[PDB]
Amino acid sequence: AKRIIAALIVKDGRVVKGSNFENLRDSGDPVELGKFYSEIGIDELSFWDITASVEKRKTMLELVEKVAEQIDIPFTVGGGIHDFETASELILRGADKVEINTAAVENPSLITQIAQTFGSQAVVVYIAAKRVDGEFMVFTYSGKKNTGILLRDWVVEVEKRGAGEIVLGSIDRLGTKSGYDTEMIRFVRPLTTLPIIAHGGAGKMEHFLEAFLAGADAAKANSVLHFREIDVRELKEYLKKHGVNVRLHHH
Ligand SMILES: N#Cc1cc([N+](=O)[O-])ccc1O
């Protein structure tokens with residue numbers, strides 16, 4: 001089974017750079033846009049917040065509460081989640097999963113701490129990687145720091161610490177529309193039993209097929225969806241056509 005995940009970069013409760021969906025009352029409203037995606041076949045949403053520190057905590061909690069009210073598919077929230085209490089408030093307020101990267105690399109036990117209370121399934125570790133001198137290396141602080149840690153080693157440790165999913169982000173392909181980094185995905189696939197979410201490089205429908213052939217369990221994309229370079233229901237139809245298994249109350 002494969003998942004298509006829409007990623008929305010948000011700031012001050014707005015979708016950064018908005019969208020091309022003229023049928024929407026507000027093409028820059030993350031809740032309405034997310035709601036719409038859920039109705040046309042997106043399997044999950046992922047929100048990445050870049051609000052300034054002062055209002056950030058409150059803005060992210062308001063976001064997840066509003067989203068959880070209106071949508072029924074799973075969603076992830078991320079962006080500067082650095083400790084357990086921040087992760088916890090967001091999950092309790094409505095998010096299904098939290099995404100972490102830098103804070104996990106600096107304190108791998110953070111993975112375990114969140115999973116202890118909320119289950120491994122609530123913990124998504126984003127791994128940003130790039131080729132450096134012929135090796136896949138792990139990068140932190142939004143791609144600014146080469147940690148010197150090998151991708152191979154961090155993937156294995158991440159599963160060991162109890163993460164539920166890995167987002168595998170190729171800095172080599174980010175923003176290029178040249179396609180997902182399938183060599184990187186194939187490199188990581190045999191190292192872990194966790195679901196792998198491909199991120200970085202999506203430009204056309206065929207890129208998604210290639211990513212799944214590489215062993216990804218999900219594929220995440222941003223502006224190619226919001227600017228409607230790819231249509232969600234067309235993409236699902238296309239994937240199904242070529243043999244990809246795509247899909248189309250607790251007290
Ligand atoms: N969600 C998300 C997301 C995360 C990162 N990131 O953790 O570098 C980048 C782009 C994104 O859309």
Side-chain angles (χ1 to χ4, degrees), residues 3-11 13-19 28 30-31 33-34 37-38 42-51 56 59-60 63-64 67 71 73-82 86-87 90-91 94-106 110-111 114 122-130 136-147 149 151 154-155 158 163-177 180-181 184 195-203 207-208 211 216-227 229-230:
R3 292 167 282 149
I4 304 300
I5 302 183
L8 288 66
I9 299 170
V10 292
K11 182 174 182 184
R14 305 287 301 169
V15 180
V16 180
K17 296 244 294 176
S19 72
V31 182
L33 177 57
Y37 275 141
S38 69
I42 284 296
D43 300 298
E44 304 187 13
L45 301 171
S46 165
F47 294 90
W48 179 259
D49 176 273
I50 56 177
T51 300
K56 183 176 181 62
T59 305
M60 286 180 77
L63 174 60
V64 305
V67 168
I71 84 153
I73 56 168
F75 67 104
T76 299
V77 65
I81 303 179
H82 292 132
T86 302
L90 291 163
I91 292 160
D96 299 290
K97 303 180 269 203
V98 296
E99 169 189 329
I100 59 184
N101 174 6
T102 297
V105 169
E106 292 187 352
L110 176 60
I111 294 167
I114 299 169
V123 186
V124 176
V125 175
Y126 189 108
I127 307 185
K130 177 164 70 175
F136 288 124
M137 317 234 62
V138 174
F139 281 69
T140 49
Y141 297 87
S142 314
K144 292 169 57 156
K145 171 173 180 169
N146 183 352
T147 65
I149 302 161
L151 176 59
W154 183 228
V155 166
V158 159
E165 299 183 77
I166 291 165
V167 181
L168 185 58
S170 182
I171 298 169
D172 285 315
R173 293 299 184 91
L174 247 192
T176 63
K177 302 193 185 301
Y180 288 109
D181 199 335
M184 184 186 292
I196 297 174
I197 306 166
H199 181 236
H207 291 162
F208 289 78
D217 302 284
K220 194 173 76 67
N222 186 17
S223 69
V224 293
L225 303 184
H226 312 322
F227 299 163
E229 305 169 4
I230 297 178

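Note that the numbering runs from 1 along the sequence shown for the chain. Whatever order the structure lists ligands and atoms in, that order sets their numbers, starting from 1. Just the heavy atoms: all of them, side chains too, but no hydrogens, waters or symmetry mates, feed the values below.
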(message) Please check: side-chain N/O of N146 versus main-chain N/O of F139, any donor-acceptor pairing under 3.5 Å?
(response) no

(message) Tell me which residues fall inside the under-4.0 Å heavy-atom shell around ligand 1.
(response) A7, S46, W48, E99, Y126, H199, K220

(message) Which residue in the set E99, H199, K220 passes side chain to side chain donor-acceptor pair (under 3.5 Å) when paired with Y126?
(response) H199

(message) Can a donor-acceptor pair be found, under 3.5 Å and without considering hydrogens, that links the side chain of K56 to the backbone of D49?
(response) yes

(request) Test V15 against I9 for side-chain contact (heavy atoms from CB on, under 4.5 Å), laying out the working first. (result) CA-CA 6 Å; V15 180; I9 299 170; over 6 Å; no

(request) Give the ring-plane orientation class for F47 versus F75, where under 30° counts as parallel, over 60° as perpendicular and anything between as tilted. (result) perpendicular

(request) May I ask you to test the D217-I197 pair for a side-chain heavy-atom distance under 4.5 Å? (result) no

